[PDB]
Amino acid sequence: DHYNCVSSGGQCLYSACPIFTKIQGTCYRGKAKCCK
(Lines of atoms letter the chains of each structure in order from A and count residues from 1; the text may use other names and numbers.)
(Lines give C-alpha, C1' and ligand atoms only; values in the text may rest on other atoms or scores of the structure.)
Protein backbone atom coordinates (compact mmCIF):
# COMPACT_ATOMS: atom_id res chain seq x y z
CA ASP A 1 0.00 0.00 0.00
CA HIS A 2 1.23 3.47 -0.95
CA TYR A 3 2.55 4.93 2.31
CA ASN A 4 1.74 8.54 3.20
CA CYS A 5 4.48 10.12 1.10
CA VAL A 6 3.14 12.70 -1.35
CA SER A 7 0.68 13.60 1.42
CA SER A 8 3.26 15.83 3.11
CA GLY A 9 5.73 16.00 0.24
CA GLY A 10 7.18 12.66 -0.80
CA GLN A 11 7.68 10.59 -3.94
CA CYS A 12 8.19 6.97 -4.99
CA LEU A 13 11.48 5.92 -6.59
CA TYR A 14 12.64 2.50 -7.79
CA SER A 15 16.06 3.32 -6.34
CA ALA A 16 17.20 4.58 -2.93
CA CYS A 17 16.27 8.12 -1.90
CA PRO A 18 18.03 10.76 -4.06
CA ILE A 19 18.24 13.97 -2.02
CA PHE A 20 19.07 13.98 1.71
CA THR A 21 15.69 12.36 2.41
CA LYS A 22 14.84 9.04 4.08
CA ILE A 23 12.80 6.07 2.87
CA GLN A 24 10.06 5.07 5.31
CA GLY A 25 8.09 2.40 3.47
CA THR A 26 7.15 1.25 -0.02
CA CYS A 27 4.97 2.91 -2.66
CA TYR A 28 3.57 0.54 -5.30
CA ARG A 29 3.50 -3.26 -4.95
CA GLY A 30 7.17 -3.05 -4.02
CA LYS A 31 9.07 -1.77 -7.05
CA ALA A 32 9.46 1.72 -5.61
CA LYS A 33 10.15 2.98 -2.10
CA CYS A 34 8.32 5.93 -0.54
CA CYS A 35 10.64 8.74 0.54
CA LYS A 36 10.12 12.12 2.19
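Heads up: the sequence shown begins at 1 in the entry's author numbering, then just goes up one per residue.
We treat Cβ as the ideally placed atom computed from N, Cα and C, and that holds for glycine.
Once DSSP output is grouped into helix, strand and coil, what is the label at residue i?
| i | result |
| --- | --- |
| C12 | strand |
Which residue wins for smallest C-alpha separation from residue i, given the options the options?
| i | options | result |
| --- | --- | --- |
| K36 | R29, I19, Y28 and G30 | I19 |
What's the C-alpha gap between residue i and residue j?
| i | j | result |
| --- | --- | --- |
| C12 | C34 | 5 Å |
| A32 | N4 | 14 Å |
| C27 | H2 | 4 Å |
Check the DSSP bridge columns for residue i and list the partner residues they point to.
| i | result |
| --- | --- |
| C34 | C12 and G25 |
Can you tell me whether residue i is buried or exposed, with buried defined as 16 or more other CB within 10 angstroms of its CB?
| i | result |
| --- | --- |
| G9 | exposed |
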